[PDB]
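Novice: the sequence isn't on hand, but the structure is:
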Ligand SMILES: [Zn+2]
């Protein structure tokens, strides 16, 4: 019964998921004055030419755009990573107001939203195996600010009416996730966790330096989604973000000078 409400939000998750107070929790604040350039980091390689989106699902916590992950169709490699990571889904976290919504922060700045492209390490065979490994997942995080529209987001926005409530899904084929990337692939990286229960410490985080812009109308449509199921009292799906967690015995590395 975890969520982001008045009585089940992030500050409560530790009771059912005690690693919520663990050593490698996410998100974190990225202090640009202490993250150090690491010349041993490599560019990242984002290979989404062959990506097969399938479906979009309102899971009661966000919406997931799901991919074929039964071959090396959409992969993330390079950067800080060893080996190959398959795209399984992407989703967002966003606010009720434009001054909040991101999970990671940059010098304490909150963005309006944050996109997570979730990938699993093919050495482990399936996502469920991967999440049990410290190097099982690679999550590419991209900040959203409100300004111009993002054309590549509009087909996501326009399907949201069909998945308003928890448990609804819709066919969502032929979506190109390249349309959600910023110009630059400069990034910060650190070891952390899933930001939702079960909060497993299985993630190499790769957070892009450059935000994307979305319009105020696009974010407004995110904010019309519902946490609740059909026929239940309406609870707008807003503020579905976990706040920054203690960095502890970690360093954030920068790919850029
Ligand atoms: Zn996420």
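Specialist: Now that the structure is in, tell me what you want to look at. Numbers count the residues shown, from 1 in each chain.

Novice: for the rest of this, base every contact and every neighbour count on C-alpha atoms.
Specialist: Will do.

Novice: pull up the gap between residue 141 and residue 175, please.
Specialist: 18 Å (C-alpha to C-alpha, to the nearest Å).

Novice: just say helix, strand or coil for the closest residue to residue 71 other than its chain neighbours.
Specialist: The shortest distance from residue 71 to any non-neighbouring residue, by C-alpha to C-alpha, 6 or more residues apart in numbering, is to residue 86 (8.0 Å). Under DSSP: H, G, I helix; E, B strand; the rest coil, the three-state class of residue 86 is strand.

Novice: ok, residue 86 - how many residues close by?
Specialist: Other residues near residue 86 come to 29 when the count uses other C-alpha atoms under 10 Å.

Novice: surely it meets residue 120?
Specialist: Yes. Residue 86 is within contact range of residue 120, at 5.3 Å (criterion: C-alpha atoms under 8 Å).

Novice: pull the contacting residues for residue 99.
Specialist: 110, 111, 112 (C-alpha atoms under 8 Å, 6 or more residues apart in numbering).

Novice: what helix or strand is it on?
Specialist: Element membership of residue 99, judged by DSSP states H and E, is empty: it is in no helix or strand.

Novice: cool, and residue 219?
Specialist: helix 216-222.

Novice: just the buried residues of that helix, please?
Specialist: Buried positions in helix 216-222, judged by neighbour count with 16 or more other C-alpha atoms under 10 Å: 218, 219, 222.

Novice: equivalent analysis for stretch 93-106, please.
Specialist: 93, 94, 95, 96, 98, 100, 101, 102, 103, 104, 105, 106.

Novice: how about residue 108, nearest residue that isn't a chain neighbour?
Specialist: Distances taken as C-alpha to C-alpha, 6+ apart place residue 29 nearest to residue 108, at 6.2 Å, with adjacent residues excluded.

Novice: now the buried residues of helix 216-222 as a markdown table including distance to residue 5?
Specialist: Putting these into a markdown table (distance: C-alpha to C-alpha, whole Å) gives the following:
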| residue | distance to residue 5 |
| --- | --- |
| 218 | 23 |
| 219 | 20 |
| 222 | 17 |
